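> Residue numbers (this note's numbering), protein chains in the order written: chain A, 27 to 77; chain B, 2 to 62; chain C, 5 to 201; chain D, 31 to 78; chain E, 272 to 377; chain F, 6 to 177; chain G, -9 to 117; chain H, 6 to 127; chain I, 4 to 61.
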Amino acid sequence: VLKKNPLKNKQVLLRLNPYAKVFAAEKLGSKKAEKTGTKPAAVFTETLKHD
Amino acid sequence: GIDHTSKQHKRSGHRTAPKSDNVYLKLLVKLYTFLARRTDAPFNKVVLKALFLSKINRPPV
Amino acid sequence: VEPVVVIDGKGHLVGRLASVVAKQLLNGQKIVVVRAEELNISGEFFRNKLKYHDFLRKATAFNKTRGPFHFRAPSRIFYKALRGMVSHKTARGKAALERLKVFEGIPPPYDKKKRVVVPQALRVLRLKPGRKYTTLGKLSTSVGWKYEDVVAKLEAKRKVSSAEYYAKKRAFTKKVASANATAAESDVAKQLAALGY
Amino acid sequence: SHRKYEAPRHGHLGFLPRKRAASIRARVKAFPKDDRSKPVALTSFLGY
Amino acid sequence: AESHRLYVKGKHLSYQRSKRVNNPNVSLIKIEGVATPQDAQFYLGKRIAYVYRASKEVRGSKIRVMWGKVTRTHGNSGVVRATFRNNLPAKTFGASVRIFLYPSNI
Amino acid sequence: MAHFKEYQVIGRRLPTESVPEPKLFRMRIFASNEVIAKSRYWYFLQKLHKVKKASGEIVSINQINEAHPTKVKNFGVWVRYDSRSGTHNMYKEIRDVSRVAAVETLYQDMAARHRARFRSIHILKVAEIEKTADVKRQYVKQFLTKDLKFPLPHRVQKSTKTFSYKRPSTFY
Amino acid sequence: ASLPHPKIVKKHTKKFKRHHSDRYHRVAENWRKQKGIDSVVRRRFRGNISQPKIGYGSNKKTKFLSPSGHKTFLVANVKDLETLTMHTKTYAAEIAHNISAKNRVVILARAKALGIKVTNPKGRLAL
Amino acid sequence: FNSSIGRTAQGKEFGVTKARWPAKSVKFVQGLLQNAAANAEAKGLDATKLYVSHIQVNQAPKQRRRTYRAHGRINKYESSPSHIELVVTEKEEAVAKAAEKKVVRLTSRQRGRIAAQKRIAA
Amino acid sequence: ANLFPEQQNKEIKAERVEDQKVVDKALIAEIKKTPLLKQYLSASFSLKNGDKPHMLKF
RNA sequence: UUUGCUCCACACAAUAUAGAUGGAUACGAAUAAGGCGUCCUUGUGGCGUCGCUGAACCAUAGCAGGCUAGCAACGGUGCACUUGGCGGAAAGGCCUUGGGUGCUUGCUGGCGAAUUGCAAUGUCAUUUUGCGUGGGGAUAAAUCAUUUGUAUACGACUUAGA
RNA sequence: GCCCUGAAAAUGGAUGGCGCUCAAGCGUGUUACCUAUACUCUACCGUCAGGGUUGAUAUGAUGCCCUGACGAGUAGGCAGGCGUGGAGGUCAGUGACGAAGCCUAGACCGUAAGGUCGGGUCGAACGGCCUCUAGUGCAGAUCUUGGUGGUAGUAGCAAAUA
RNA sequence: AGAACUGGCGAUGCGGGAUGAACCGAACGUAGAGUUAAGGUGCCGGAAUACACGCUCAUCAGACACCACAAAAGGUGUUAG
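If you want it as structure tokens, here you go:
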């Protein structure tokens, strides 16, 4: 009778996509990334910094 | 504001009951609305719908 | 924040002023303008003269009487340029105009009491240093006002009577200032010093 | 359509309105420019 | 001792409106001192009360009251929309009103 | 417009059977975001080679941040603006802290001195003119002297309140 | 005694008077839609008598309910009255205007010992 | 009923400018008053304290008559009559008061203040 | 509603009164530790002409 | 006209509010310049200082502010007198001398407050008038009617009449 | 580019007005802000549509209930309702202890047509429901008949000597 | 005056264009809250006497579509080129 949406109601948010229990504790949406910091070619930079 | 694709509030066009006040004929109908809503048989649906037809759609067989 | 905001007129620019003074009335705030002949207007003298002359020829045909009355008194000018800035035809507008009082020079009541100023209207806080402005009293006189002299005479009187009051206040301020100088350095004055005073 | 034959208007407008003056004694709207140097003399009078 | 104001001086300006259609269901008050929508927020909720004097005395007073409450900021000069159990008179545009400090959040 | 961003967008027609790996074209575009950047890209591109969004693709679209975002520099400019009359070429100079802001000052100077909307404006030769004396306009040649200095006459202290009690000074 | 009735709203309380029912005394206050081609009230302008739309219909939950959550039912004589012996909480007995001052008192006497709410318990109650 | 009527000085004591002297209207009124004063005597009242309380004169059935206007048209010549009626009352003194006591309905915090007030003083 | 207003005849509970001091003393002994706090408390509140509760601090 | 009329101090009823709820807190002139202090040889001077808002200054603690005890100062100060002066631009206000009288939160005490029950403006301003107090003061005219003609359609105007 | 000139018409006069001159102008870019019967959520009405539901020792399955959408509208079409005269039936209906009618800035119901009640007035019939029936609903028609205004105590009642 | 396509108006209110059948926005059950469109935010009037770059001085300024008209031709006025 009432369209209680998720996003601002953790109770319904779990009544659909039960993965929001695991997503919570795991954090996930904020989980860090790997610093596989490589290097961009010398060409890339001289063409990006052209006149 | 809505760009109606279709003509709003179409009264369907089909009959929902016999235009007559034939008490007995109205009983058969209440008998068949039931059958056509519980038996599930396609037969009752046609027979029910068939009671609502005027004398020009109930030709003398 | 006070019941009456006596507003000094000198330097102010008609329109700008007229507007804030008009919003303060339609807000309940009571107001009284003073020195309306020291009131300035944008544009040079000759322009503001033609503009009054192009309004001076605007009267009702069949009866120059029931026509648009052309007031020459600086107070009434600034006022007509404030009327158009209020719904004076409604009771509310009629009412707001009864909170307003525009005076030439500075009459007896509004002289013993402090008059303020509106920065957002003032000439020397607007007009790009260089543009030619116009003094009201000057224009008005050249369009019917016949009391230019009478005021210059009275304010001259008041300015000297006031200058004498401030001279007493000049030494009286320095008087208490000198007592406040030695009262400082004391244990009760240094207590407030840390308490932001 | 114009007047046809321009002719001086009848009457002086600066003498309006032609209403019955308030009092029988014509008020003296203005008196001579004051001369602070002469004897203190009178400026008008009341005749018949 | 001489002052006892536990509220703030607000002025009832005009009703929420357009160029030619005012909606009396909502008013607009210019609170004393407030001038920004950020610092206006601290007044939201604060039950408002327009106090006026009547001739005929009711349950026991000749000074009846109109209750309201700030509902939201409005504009950029610290004005706030207010609603009352019964919308305001209109004869009160330029009438000093009272903004209390409750419900208090501090 | 907003705060520009000198985007770098390269396109290269589209890999056709006969001509695979087509000569890429790099355009140093200006705009307030990326889509305006791309649009403006074909816009100029199709005004050089028979190539438009339908026949081509957007290789890469990387932004281009200023070299020394705190190094006040002189700028040289060449603009191909279409005035109401027809179209003209010109060279203005805007000494500022970056290409992006100097071009922002330019565009609004194009709207003030020659009423030309961003739409009737093509930005040609735009680079930082190295040494002075290379400054062809005196209005820039001005702020280029031995340890300059100047006052700010008539300060106009903007008021917060409606009324004052202290009639305003303009000393600085 | 009235069954728990939801807050009775009305949406529009001001009666719908014919347009100009004030201008001319001939034009009765009785509502009538303006069929006119130029009629401003029909064209529905900004500031003219709001016409009776169906949208002003009342909550079927509170339609016919008088201020005391009771639907009023006209009562002729006592025989007619006892139709409410089993609905003292839903209806209110309304004595008709053609009921004698003597008969009314008999009806009230019956309606009181039955627990019915007579809406007009003052009709011809001359002391 | 005074449009185009003449002006007169005698109408100053009332505050108007228009005032006529309806000799007939008066003779029928003072003539009828004569009758009122006489009814008061046979009813036994004070000929002094007597004053007119209610005097109402309204339209009567217009006496019909005709007049001939040019081109042989017949325009009416109505005779608007009256229906005067009045009441001479004995003038009584003391308007009196006979005011209502007024049942006060003050709230508990409205009594409290009255209680706390008459608690510091009398 | 039959006396209105015939004073009290209902004032206070000797209990409630004594219970005050039972606590009053406890805090009173706490207030004479912080200077002027007794004065600050025997003092009422009020907003001054040029007092802003939003840009204020308590 | 039986004592009507008016001014003051009140007293109580009526009365309304374009809207008190700490204080409208007085140079002038300038603004590509000023204020303030101060110095001399007094100037369109020298020197110091300040501004960047009133976000100031004043007021402000006490049953809307009570009852008492003082301490220290003799200041501040409210009301009502009083002295002298100033102000006519709408002066109707500002300044002053001296008594009086209440308070003083500049410092320290002691009592009081509750039940308005967990908020309900929670009533404290000033406007007008009326009816009753007793206390001063003052004893007219206008209009109509008559009259005139410098006036006039009528009103109006202008004269005259104990 | 801005600006000046080129730029002459009749009642006084219109960037809408006032007024605006580092604008409240012209150009531009940035924000925040404002408010339509539109958009979003919700409540209520109605229409439409899709379904549910005999169910027992109860009362409407042209019933109750759930569900979704939509609502402008002259000419016009249809459907559902309100009202009036009279007809068959019905309430063993109302009534001289006051019917009908009329009055009522008195109350209630209905979106509405209208219905209902109190008070007043009044004096002899009348109403609800089920059907039947029609000379069945008025603001116009330079409508008919009758009646009454403003006009207006106005025009004017002035030839024939008095 | 007469055609084409489309949209309107007619028949359609509403908010803006001061004002207006046709333009901008937008289509109407009755309410509430929110958010906007169009258009605007000195005062009239709800909304910044907001921000920034500039240009402009007119003894006949200029002021935002339909829209309430202005030109060819001139200016050592000034700005930029």
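Idealized CB from N, CA, C, for every residue including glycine.
Between the C-alpha atoms of F/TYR12 and F/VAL131, what's the straight-line distance to the nearest angstrom?
When rounded, the distance between both Cα atoms is 14 Å.
> Expressed to the nearest angstrom, what Euclidean distance is found between the alpha-carbon atoms of F/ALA116 and E/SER298?
So the two alpha carbons sit approximately 42 Å from each other.
> Quick one: using the 10 Å Cβ neighbour count with 16 as the cut-off for buried, is E/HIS283 buried or exposed?
Label assigned to E/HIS283: buried.
> Determine the direct distance from the alpha carbon of C/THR94 to that of C/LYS118, and round the result to whole angstroms.
Distance between the alpha carbons of C/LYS118 and C/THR94 is about 32 Å.
> For E/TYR278, does the three-state DSSP call read helix, strand or coil?
Reduced to three states, the DSSP call for E/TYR278 is coil.
> Tell me, which residues are paired with H/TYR73 by DSSP?
Its beta-bridge partners are H/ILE79.
> Taking 9 Å as the CB-CB cut-off, is I/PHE7 touching chain H?
For I/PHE7, the answer is yes, since a Cβ of chain H falls inside 9 Å of its Cβ.
> F/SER88 and F/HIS54 look like a contact to me (Cβ under 8 Å); what is the Cβ gap, rounded to whole Å?
Their Cβ separation, rounded to whole angstroms, is 27 Å, which puts F/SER88 and F/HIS54 out of contact at 8 Å.
> Quick one: what's got a C-beta closer than 7 Å to residue 383 of chain E's C-beta in the same chain, skipping five residues either side?
Shown here, chain E extends from 272 to 377; a query on residue 383 of chain E therefore has no answer.
> Would you tell me roughly how many angstroms separate the C-alpha atoms of C/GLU159 and C/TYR83, rounded to the nearest one?
The straight-line gap from Cα to Cα measures roughly 21 Å.
> Going along the chain, which residues of its own chain have a beta-carbon closer than 7 Å to the beta-carbon of F/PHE49, five neighbours each way excluded?
Correct list, in chain order: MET32.
> Pull up the DSSP beta-bridge partners for F/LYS78, would you.
According to DSSP, F/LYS78 bridges with F/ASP101.
> Might you give, ordered along the chain, the residues of its own chain that have their beta carbon closer than 6 Å to the beta carbon of F/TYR46, omitting 5 neighbours on each side?
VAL14, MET32, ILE34.
> Measuring straight from C-alpha to C-alpha, what distance separates G/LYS5 and G/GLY45?
Approximately 15 Å, taken between the alpha carbons.
> Is there contact between the segment 75 to 82 of chain G and the segment 49 to 61 of chain G, where contact requires at least three CB pairs shorter than 8 Å?
The segment 75 to 82 of chain G, when compared against the segment 49 to 61 of chain G, does touch it at the 8 Å Cβ threshold.
> With DSSP as the reference, identify every bridge partner of C/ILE35, one or two as the case may be.
Beta-bridge pairing links C/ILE35 to C/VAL9, C/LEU104.
> Just the Cα atoms here: how many angstroms apart are E/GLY281 and C/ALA183?
Near 40 Å, if we compare the C-alpha coordinates of C/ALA183 and E/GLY281.
> Could you please tell me which residues of the segment 105 to 123 of chain C, in chain order, have their CB closer than 8 Å to any CB of chain F?
For the segment 105 to 123 of chain C, which is checked against every Cβ of chain F, the residues closer than 8 Å are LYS118, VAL120, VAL121, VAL122, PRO123.
> What residues of chain I sit near E/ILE377, judged by a beta carbon separation below 7 Å?
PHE61, listed in chain order.
> State the start and end residues of the unbroken alpha helix (DSSP H) segment that holds I/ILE34.
17 to 34 is the extent of the alpha helix (DSSP H) around I/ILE34.
> Where do the ends of the alpha helix (DSSP H) carrying C/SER165 lie?
152 to 187 is the extent of the alpha helix (DSSP H) around C/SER165.
> I need the boundaries of the alpha helix (DSSP H) containing C/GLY19, first residue and last residue.
First-last of the alpha helix (DSSP H) with C/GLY19: 18 to 29.
> Classify F/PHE155: buried if its beta carbon has 16 or more other beta carbons within 10 angstroms, exposed otherwise.
The residue is exposed, with fewer than 16 neighbouring Cβ atoms inside 10 Å.
> Can you check which of these residues, C/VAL25, C/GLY15, C/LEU17, is closest to C/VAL8 by C-alpha distance?
Answer by Cα proximity: C/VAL25.
> Strictly below 9 Å CB to CB, what residues from chain E border C/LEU30?
Within chain E, the residues near C/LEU30 are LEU284, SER285, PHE364, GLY365.
> What residue range does the alpha helix (DSSP H) around H/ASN44 cover?
Residues 28 to 46.
> What residues from chain F crowd round A/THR73, counting only those whose CB sits closer than 7 Å?
Simply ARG31.
> How long is the line joining the alpha carbons of F/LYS43 and F/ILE63, rounded to whole angstroms?
Going from the Cα of F/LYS43 to the Cα of F/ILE63 covers about 7 Å.
> Looking only at C-alpha atoms, which of F/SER103, F/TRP83, F/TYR112 sits nearest to F/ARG142?
Taking only the C-alpha atoms, the option nearest F/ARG142 is F/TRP83.
> Nearest-angstrom Cα distance between G/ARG94 and G/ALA(-9)?
Distance between the alpha carbons of G/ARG94 and G/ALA(-9) is about 22 Å.
> Out of C/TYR114, C/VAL121, C/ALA188, C/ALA125, which has the shortest C-alpha to C-alpha gap to C/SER46?
Ranking the options by Cα distance to C/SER46, first place goes to C/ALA125.
> Have a look at C/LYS136 and C/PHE50 and give me their C-alpha separation to the nearest angstrom.
Rounded to the nearest angstrom, the two C-alpha atoms are 11 Å apart.
> Is it buried or exposed for I/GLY53, if we count other Cβ within 10 angstroms and need 16 for buried?
By the 10 Å Cβ count, I/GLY53 comes out exposed.
> Do you know how far the Cα of F/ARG100 is from the Cα of C/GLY134?
Taking the straight line from one Cα to the other gives about 28 Å.
> Could you confirm whether any beta carbon from chain C is found closer than 9 Å to the beta carbon of F/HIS93?
F/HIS93 does not count as touching chain C.
> Is it a yes or a no for the segment 33 to 43 of chain C touching the segment 91 to 111 of chain C, going by three-plus beta-carbon pairs under 8 Å?
They touch, by the three-pair rule.
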